[PDB]
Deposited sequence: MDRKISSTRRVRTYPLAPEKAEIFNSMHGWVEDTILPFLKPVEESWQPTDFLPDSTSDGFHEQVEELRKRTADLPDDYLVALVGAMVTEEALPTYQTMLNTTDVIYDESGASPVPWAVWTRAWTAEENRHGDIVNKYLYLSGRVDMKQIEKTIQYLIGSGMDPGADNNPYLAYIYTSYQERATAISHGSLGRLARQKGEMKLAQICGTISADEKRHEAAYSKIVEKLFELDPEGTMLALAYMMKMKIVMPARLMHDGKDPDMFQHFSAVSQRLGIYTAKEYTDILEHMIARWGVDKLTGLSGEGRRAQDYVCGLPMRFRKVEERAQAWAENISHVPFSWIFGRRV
């Protein structure tokens, strides 16, 4: 039945989801936000960047490294959403619209880690050797239910749109307008992605409320949890205001509203147990917001000095 639900969605994925892609022709590329290496001005542009970035506080460097590590892990996030599927009909073989979306979306995502990685490299502010190791360990690390991937990615796209957006805003506040542009441009990609993925989940709730509710309850319980090295990234994002416990709870309420999870009808006893669990979470998580803030305020970079580069 899940396979068939997915199959029956092809037309709507084509009509409603694929338009959320931005044409490659109209798309920014990392080179847009970097010193021009073909230009006689290259060295001077690189120097300006390094000057601009010497003004950035340490917390900010760390959050930005957090964001790049997350993005650079792209090969291990698109893998769940990869569907070994291809449709046969009178026009011949073609790719399922699900795969057309995943592939093009992966191509979008690929630019996010590259821009931040080359920008941080050029700044000199972080030790790119240690961070590349981290990333190799992380790709090396990398339940089969096919709704789960879609739900998780909805949440992740909204969280990452908000985090990159807030990083951008703080870069702007410090006068680092190129870094603000980078962070803001990524955020705008993520806002589109979040829109496509939320709509997919919406549609799954429409067509299979029982399956989707059980999957969402599983995801909230098991996978998607309130927002040592990753703990440290998390603490820094908390105290900077980029991505907080309050924002996590706010994302949960938005998703509950957007998908009308507290308004589902016709559920079994099992479905209602799952709906009750999910819908009761925001009240549970409000209570731990003020503790998240205190904990973040005590974090030291001393165990993490290895992240930093030139001062």
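Engineer: Wait, which stretches of the deposited chain are just not there in the structure?
Structural biologist: Missing C-alpha atoms (numbering from 1) occur across the ranges 1-18, 161-165, 251-260, 345.
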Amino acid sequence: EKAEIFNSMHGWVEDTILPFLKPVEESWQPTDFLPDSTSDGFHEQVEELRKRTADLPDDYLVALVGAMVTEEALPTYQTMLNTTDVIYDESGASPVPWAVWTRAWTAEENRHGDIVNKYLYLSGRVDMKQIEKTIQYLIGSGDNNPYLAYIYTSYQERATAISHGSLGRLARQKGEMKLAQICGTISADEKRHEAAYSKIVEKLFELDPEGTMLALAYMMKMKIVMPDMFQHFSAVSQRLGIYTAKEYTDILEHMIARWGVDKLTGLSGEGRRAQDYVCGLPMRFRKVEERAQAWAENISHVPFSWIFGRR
From here on, numbers count along this sequence of modelled residues.
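Engineer: I need to verify one thing: averaged over C-alpha atoms only, is the B-factor higher for 150-158 or for 80-88?
Structural biologist: Between 150-158 and 80-88, it is 80-88.
Engineer: Using only the Cα atoms and their B-factors as the entry lists them, report which of 300-308 and 2-10 averages higher.
Structural biologist: Higher mean C-alpha B-factor: 2-10.
Engineer: Please pick out which of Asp40, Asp32, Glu270, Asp276 has the largest Cα B-factor as recorded in the entry.
Structural biologist: Highest CA B-factor of the listed options: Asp40.
Engineer: Looking at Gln45, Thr265, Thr244, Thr70, which one carries the largest C-alpha B-factor according to the PDB entry?
Structural biologist: Among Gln45, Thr265, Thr244, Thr70, the highest C-alpha B-factor in the entry belongs to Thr70.
Engineer: Should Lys118 be placed in the lowest, middle or highest third of its chain by the C-alpha B factor in the entry?
Structural biologist: Ranked within chain, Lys118 CA B lands in the lowest tercile.
Engineer: Classify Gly184 as lowest, middle or highest third according to the C-alpha B-factor given in the PDB entry, relative to its own chain.
Structural biologist: It belongs to the lowest third of the chain when residues are ordered by C-alpha B-factor.
Engineer: What third of the chain, by the recorded C-alpha B-factor, contains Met229?
Structural biologist: It falls in the top third of the chain.
Engineer: By the recorded C-alpha temperature factor, relative to the other modelled residues in its chain, which third is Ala54 in?
Structural biologist: Tercile = highest for this residue's CA B-factor.
Engineer: Considering only modelled residues of the same chain, in which third does the CA B-factor of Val236 rank: lowest, middle or highest?
Structural biologist: For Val236, the deposited C-alpha B-factor lands in the middle third.
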